[PDB]
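Asker: need a structure here:
(10 chains, ligands or ions: 39)
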Amino acid sequence: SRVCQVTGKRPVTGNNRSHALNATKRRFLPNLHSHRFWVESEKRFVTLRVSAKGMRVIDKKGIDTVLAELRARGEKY
Amino acid sequence: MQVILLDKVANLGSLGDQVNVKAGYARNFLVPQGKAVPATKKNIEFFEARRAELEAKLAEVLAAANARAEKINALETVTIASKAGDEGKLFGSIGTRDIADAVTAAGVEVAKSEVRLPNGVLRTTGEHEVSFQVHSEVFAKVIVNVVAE
RNA sequence: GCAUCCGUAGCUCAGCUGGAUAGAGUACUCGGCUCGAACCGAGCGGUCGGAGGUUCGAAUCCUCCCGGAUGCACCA
RNA sequence: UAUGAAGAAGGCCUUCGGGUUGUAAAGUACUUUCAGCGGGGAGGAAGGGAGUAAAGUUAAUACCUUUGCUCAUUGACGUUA
RNA sequence: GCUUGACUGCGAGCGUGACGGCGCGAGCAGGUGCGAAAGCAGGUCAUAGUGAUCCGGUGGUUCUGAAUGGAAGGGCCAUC
RNA sequence: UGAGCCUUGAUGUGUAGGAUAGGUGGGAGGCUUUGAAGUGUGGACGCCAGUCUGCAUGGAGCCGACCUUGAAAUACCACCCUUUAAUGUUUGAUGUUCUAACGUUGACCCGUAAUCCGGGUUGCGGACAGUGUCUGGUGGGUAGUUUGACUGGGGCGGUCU
RNA sequence: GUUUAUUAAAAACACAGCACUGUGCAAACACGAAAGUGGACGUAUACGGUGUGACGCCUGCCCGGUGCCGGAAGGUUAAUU
RNA sequence: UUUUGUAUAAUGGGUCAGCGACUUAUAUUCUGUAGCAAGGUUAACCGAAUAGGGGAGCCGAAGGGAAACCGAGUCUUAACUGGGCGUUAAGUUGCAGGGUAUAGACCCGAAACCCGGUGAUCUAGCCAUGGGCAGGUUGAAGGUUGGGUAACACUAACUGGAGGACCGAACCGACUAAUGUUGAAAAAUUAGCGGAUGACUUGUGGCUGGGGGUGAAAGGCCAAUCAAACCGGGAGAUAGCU
RNA sequence: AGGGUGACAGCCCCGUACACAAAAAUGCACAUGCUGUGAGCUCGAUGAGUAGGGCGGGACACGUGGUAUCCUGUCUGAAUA
RNA sequence: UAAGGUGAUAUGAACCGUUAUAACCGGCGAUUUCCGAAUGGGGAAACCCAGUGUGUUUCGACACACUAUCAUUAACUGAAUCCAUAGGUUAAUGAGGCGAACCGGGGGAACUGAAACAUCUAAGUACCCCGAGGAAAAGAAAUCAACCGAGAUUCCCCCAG
Ligand SMILES: [Mg+2]
Ligand SMILES: [Mg+2]
Ligand SMILES: [Mg+2]
Ligand SMILES: [Mg+2]
Ligand SMILES: [Mg+2]
Ligand SMILES: [Mg+2]
Ligand SMILES: [Mg+2]
Ligand SMILES: [Mg+2]
Ligand SMILES: [Mg+2]
Ligand SMILES: [Mg+2]
Ligand SMILES: [Mg+2]
Ligand SMILES: [Mg+2]
Ligand SMILES: [Mg+2]
Ligand SMILES: [Mg+2]
Ligand SMILES: [Mg+2]
Ligand SMILES: [Mg+2]
Ligand SMILES: [Mg+2]
Ligand SMILES: [Mg+2]
Ligand SMILES: [Mg+2]
Ligand SMILES: [Mg+2]
Ligand SMILES: [Mg+2]
Ligand SMILES: [Mg+2]
Ligand SMILES: [Mg+2]
Ligand SMILES: [Mg+2]
Ligand SMILES: [Mg+2]
Ligand SMILES: [Mg+2]
Ligand SMILES: [Mg+2]
Ligand SMILES: [Mg+2]
Ligand SMILES: [Mg+2]
Ligand SMILES: [Mg+2]
Ligand SMILES: [Mg+2]
Ligand SMILES: [Mg+2]
Ligand SMILES: [Mg+2]
Ligand SMILES: [Mg+2]
Ligand SMILES: [Mg+2]
Ligand SMILES: [Mg+2]
Ligand SMILES: [Mg+2]
Ligand SMILES: [Mg+2]
Ligand SMILES: [Mg+2]
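Answerer: Residues are numbered from 1 along each chain as shown, chains lettered A, B, ... in the order given. Ligands and ions are numbered 1, 2, ... in the order given. What follows is the structure:
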C-alpha cells in the first residue's frame, strides 16, 4: 500500500473547503516514489518506496543508518 | 548536498574540496560511480588529515632540501684531477657525471640530473663557479677548481 | 470600497512621449480636370475632458474632480 | 590572420588637376607555429648477473648445459622523439 | 436684510402602538442667530420620501488590556 | 537570450548666450615639472555645433568672469537626476548535446516445470513522461438542496412597504 | 426479428445500409482509490461513440446564438516570489 | 370523533374477555407545606454507615454603570433643581404539587435518508459444455451436356440443394374472443392465432449486486417486491397532519 | 433465616446460628533457598530533517477569526545550556 | 459419603449393594470417533484421495507415526555472475481461530434540530476495521500559576451553563 518505508507516512483524510466553507471528505497521500538507492557497503542498488520527505532524511542520516533502523523495524526492504 | 571530491570531476574542483551541489548530481551519479563522497563528519576529518599529511610531506621534503643546500653551499669547495691543461686549454670536458662524483666523495650526494652547469660545460682549467638545483626551486652555489692529473 | 488607465477639426485617431508651442484619414468648400463614376491637390473644419499646482516653459508633470474602461475585492 | 580608404599623412612624380605608395599603415577584431618559460614523456635495451626448478648430461643424473621462470638490473646522447 | 437653532446635554407631562417602536412636548443647562426690545429659532403648513439584528469598515475615547509594561482585540461615542 | 543589480565611463542646446551651463549647491578661484598651454583627427557621441579623450608631441602657462543669462558657465568641487555604453553578479527564457535519476505493456539471461513477478544484460526513451502537494479552468459525470404567500379551489394575472 | 413476466406486440426497439466524429496501439474508451482487465492476443479494409435506418431518386440556405476545432499577437488572470 | 352545524345518507366499532396511552431523570420557576432564619444548606467523599463528619461550594442580606469604578446610592452630563435604575419590604433548605427545559417524552402510523450484509435456484445479458426442431413444398449459386461465339458472353436441358424461404406437429411465443374474477389457477383454461434450420429453442454449470447490475430500451427486469431489491442497524427518523 | 411436611410448625423434616473438616489440586500473602537482575559514588553526556516557518487540513469548548497551543499531507529548516 | 442404587420422559426387566471397591460428591489422571483455526491433498462441513517412515505376514495386506501456511532463528545447499546475493531444502520455536461488554487505534454516515436549508447540529455517535488486557488508556512537566506558589497520570463533586 501507499506507505513510506522510511518515515512511515500513510494516507490521511481531511476536508475540501470552499468559498461557502462546504466540507467534503478527501484523502492526503504521501509523495511516494520508487528509487534505487546505492548502498556502498553491499556495493549494490536497493530499491525503496520513499516519500519526498524521506529522500531528504536519507542524505542527512546516511543510507546505512536508515537501513539499520529498517531491519529493526522489520519492514523487509 | 555537501560532498567531498575524490578527483577533478568537471569544474567542481579537485580531490578534497567540499562544495555545495544539487542533490541529484551526487545522490545518483557522483557517489555510485565513486567519483566523490558525501561530506560527513567522519569522512571530512579523514580527508582533512590526508590534506595536512601531504602538507607535512611538502614541509619535510622542502626542509631536507635546505639541508642538502647548506651542507654543500657554505664553501665545501672540491677539485678534481684532470689531465694537465698545459699552458691552459684543459685536456677534456668536465661533465655532469664527473662533477657529481666529486661532490659525492665529499659526502653531499648529488645526482647528475640535479646538476646544472651554468654558461658552459667546464672547458677551461682552474677555478670555475658552479650551481646545483638541490630542490624544485631552491638554488645553491659551489666553487670547483681543477689542478694536475 | 479601492487601484490602474483613457479623454485631442464633425468623426476616427496620432498625442506636438511627459515644457521649450496641434498631425493625418474622414466630413465639408473651392479648384484640378470630368456625363456620372473615379482621381488629385489646396482651403476650411481643435484653444487639446474640466479646475487647482511647478518651473524661465507641461494639451504633456503634480492636486482635484467629471465621464469611460478594465481590474480587483466581496459573507451586512 | 582578417577587417580596415577620409585612398591617412609622408615620400616621389605631376597636365598642378591629379596619380603613385596602398588596405600598405594606423586602427579594430583574431591566433600563438617555432623561438621564451614551465611541467610531463616514449623509443633506442638486446643483454648478462643472481637465483630458481625441471630436462639433457651421471658412478653420483653431483659437474655442467638446456630450457622455462623469479628478483634486481644497466642509455653516451639526454634538461632526448 | 441679517444669518445657521437643519444647536449640544436633557426633559415635567402627554399621545399612539401586542411588541420592536413611533410621535408631541413646556421647561432646565451650556453656547448661539435675528431683533432696540418683548421675544422667536432643537429644520421645512402638517400628514409619505423608508429597513430591525447580526457581520464588517471609519473617526474619537485613559473604558478594558489573559504574568507585568505596551499592543492586538473588545467596549463606549460619532459614523458607514 | 532576456532582465533586477556590479562598478566605471559617458550623457546632458529653451533662448540669451560664455554655450554640448541637466538641475542643485560651495565656488574667485582657477591653476600647476606628476609632463603649462600644447601638436599629431584618437575616436565616439552629439546640435554634428561642439565635447571629453588613446599614447607619444613641447616646455609655463593655465584659468571665476559684467549687456544679456531664471541661474552663471564641460574654471571649480560636492550631490542627485536623466541618458545610459561597457563591466561582474543574481535570477530566469529558449535551443542543442549528454546519462546517471526515472520510463520501457523492446530483446536476452536467471529465479523456473512459469505469457505473473523479481534480478541481471542490452536497446530505446529521458530530465520529459508519470506521480504528490498547491493552484486556475472545466465539470448534471455524481451528490446535497432550494424553487414564497395572499387568492370566492388552484394555475395564469394581480398584489406584498 | 425484439419489447412493457401479470390490461399496450405497435407506426415503438433492433435491423442491413449510410454519414459524421474520435482512436497510431503502453490506442481511444470502459470497469477499477491502485495493480490490472476488457477493447484485442485485434492495428484505420481496425475499434469506439453518435445520429439516420433496405432499396430507388435525392439530401438545399444560415456559423448570428450555443457547442466543437484551429490560431496566439494583445487584454485579463491562480498557486509561487 | 370532527365541526358554524350530524338521526344524518360524514369517521369508528360483529361481540365478549384480556391488554392498551400523562411516566422517568436532571435543572429551573411558581404555589402549598415543614424547618431554620439575616442567614439557610451542604455535594463528592469519610463513616458501622438513613447518624455523624465534610460549609468545597450555592443562594440571600446592595446597588448603579458597557466597564474601570463608585456605593444607599449610582449612572447619564461640563453640571443636573433633573431623569433612569436602586435604597422601608426575609430568605434559604426539604417534601408535595402546577409549569418549563433536555432527553423518544402519552401511545400507535409514514413515503423516505444513511450504514453493513444477503440474493442472477426467478428473470435480463454473457460464458462453457450437451440436446431438440414430424412431414410436405419452393428449386439459388455452382456443375454437366448441348445450342450459339474466334473465345466469351448468352441460351436450353439435366444435375445440384441455397435461404434470418414457404405450409405445418413437437418446441417456443401469447394476437382475438368467451369463461373464470371469495378461480382449478396471486395471470390460467377452451376455440382460434404467430414463429417453427434460426437474431431458433433447451438442459446442466458459471459470471455480472443495489445509485449498482442487466436491458434488440418498456423506466423493463434484478426470487409473486423495482423512478433505486431484500435483511439488520442508526431507529422509538421525522410527521405545524389524522 | 427460609423451605418442606394432608389447612398457618421456634421445638416433624431439610436447614439456619454456632462449632468443625482436605488425601489431592489450586488461589492469595508472607517468610526463605537457588537462577538470573543489578545498588552506590565520581566525572561526563543532555534525544536535528527535530523545533520553528510557508501551504492544505485536523484536534483543542474555540466554526480563521486579531487566534495562542497540539497533530501533519506538502515545501523548507534552527539554536542546541 | 454411604444403605440403598442402576440420568429423564418412564414404567418394567435383569441385577448391583447394605459398614465399606454399591451408588453418589470432589481432586488428580486415562480414554476423548467425525467435522470445525483444521494443519497430508482436495471438498458440496461431519466426506473423498494420499505420501513418507517404522513395526507387523497368514504374502491378501495390516497397525501406528509424520507430512498445512506464515513469522523468527540456526544450519546445509545455491542462479544470472567470479565472489556474493536472490533463491532452495531441512530443524527448532511462535502465531493462526473463538468469545458478552468495557479499552486503544484506523476509517466514518444520514435521518434529525435549525420549525426550509448549505456553515453548524446530530457526531467522532451508529457502523466497519485493527490490536490488547483483566482492566485498558494515560502517566513522572520543554506543566500550571502570577512576582505568592503549586509539583506525574486517572476518577468524583464544584468552579459553571
Ligand atoms: Mg618552444
Ligand atoms: Mg420658509
Ligand atoms: Mg496578558
Ligand atoms: Mg440533481
Ligand atoms: Mg439533508
Ligand atoms: Mg398559495
Ligand atoms: Mg404554501
Ligand atoms: Mg413479425
Ligand atoms: Mg402485458
Ligand atoms: Mg417476453
Ligand atoms: Mg398483449
Ligand atoms: Mg429512426
Ligand atoms: Mg441538411
Ligand atoms: Mg459557430
Ligand atoms: Mg462565426
Ligand atoms: Mg340535531
Ligand atoms: Mg350513519
Ligand atoms: Mg450528613
Ligand atoms: Mg468561605
Ligand atoms: Mg439618581
Ligand atoms: Mg419550601
Ligand atoms: Mg415542578
Ligand atoms: Mg423463415
Ligand atoms: Mg409469415
Ligand atoms: Mg410455419
Ligand atoms: Mg419483479
Ligand atoms: Mg434513493
Ligand atoms: Mg430496513
Ligand atoms: Mg438517532
Ligand atoms: Mg416515529
Ligand atoms: Mg533535553
Ligand atoms: Mg516546519
Ligand atoms: Mg497550517
Ligand atoms: Mg465572524
Ligand atoms: Mg477584524
Ligand atoms: Mg490559532
Ligand atoms: Mg488436512
Ligand atoms: Mg431542518
Ligand atoms: Mg488475564
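Asker: What residues does chain A have near chain B?
Answerer: Proximity of chain A to chain B (CB under 8 Å from any CB of the partner chain) is limited to residues A:38, A:40, A:45, A:55, A:59, A:62. (Each C-beta comes from the backbone N, C-alpha and C, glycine too.)
Asker: Go through the residues you listed and flag which are in strands.
Answerer: Per DSSP state E, strands hold the following members of the residues of chain A next to chain B: A:38, A:45.
Asker: Name the residue of chain B that lies nearest to chain A.
Answerer: Per CB to the nearest CB, the residue of chain B with the smallest distance to chain A is residue B:32, at 3.7 Å.
Asker: and that residue, how many neighbours does it have?
Answerer: The local packing of residue B:32 (other CB atoms under 10 Å in any protein chain shown) involves 16 other residues.
Asker: swap in residue B:79?
Answerer: Residue B:79: 13 surrounding residues under other CB under 10 Å.
Asker: Tell me the residue in the chain that is farthest from the middle.
Answerer: Reading this off chain A. In terms of distance from the mean C-alpha position of chain A, residue A:20 ranks first, at 34.4 Å (CA atoms, centre = their mean).
Asker: that's the other chain; I wanted chain B
Answerer: Computed with CA atoms, centre = their mean, the most peripheral residue in chain B is residue B:24, at 42.0 Å.
Asker: quick check, that residue in a strand?
Answerer: No: according to DSSP: H, G, I helix; E, B strand; the rest coil, the state of residue B:24 is helix, so it is not within a strand.
Asker: Let me know the distance separating it from RNA strand F.
Answerer: With distances taken as CB to the nearest atom of the strand, to the nearest Å, residue B:24 is found 6 Å from RNA strand F.
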